[PDB]
């Protein structure tokens, strides 16, 4: 009962678009969540298969695209990324109301 998050580490220059994948490895997922941690943990968006994600206060939809076309995968893409978007991003998923978390992705934008 485990979720993966690839890539675990990203370093890129201003303006690059970053993709992070969140996967259900050994179970049937429904909703996935995307968070961000400021060194605490901030919910950014909630995402069901087939629908467009819902975004929390402070998060703009086109800065943080979310795709979620199967019950097994969701992809966050921080589009045109800028230094202030640097930090730690974590995904989780519910099982078919406990969340299971991915290891996270450390992002550095320069």
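Positions refer to the first chain, counted from 1.
Engineer: Enter the number of deposited residues without atomic coordinates between residue 39 and residue 40, binned as none, 1 to 3, 4 to 9, or 10 or more.
Structural biologist: The entry has 1 to 3 unmodelled residues between residue 39 and residue 40.
Engineer: As recorded in the PDB entry, how many deposited residues are without coordinates between residue 96 and residue 97: none, 1 to 3, 4 to 9, or 10 or more?
Structural biologist: Going from residue 96 to residue 97, the model skips 4 to 9 residues of the deposited sequence.
Engineer: Mean CA B-factor: is it higher for 44-52 or for 78-86?
Structural biologist: Here the higher of the two C-alpha B-factor means belongs to 78-86.
Engineer: Looking at the deposited entry, does 64-72 or 22-30 carry the larger mean Cα B-factor?
Structural biologist: It is 22-30.
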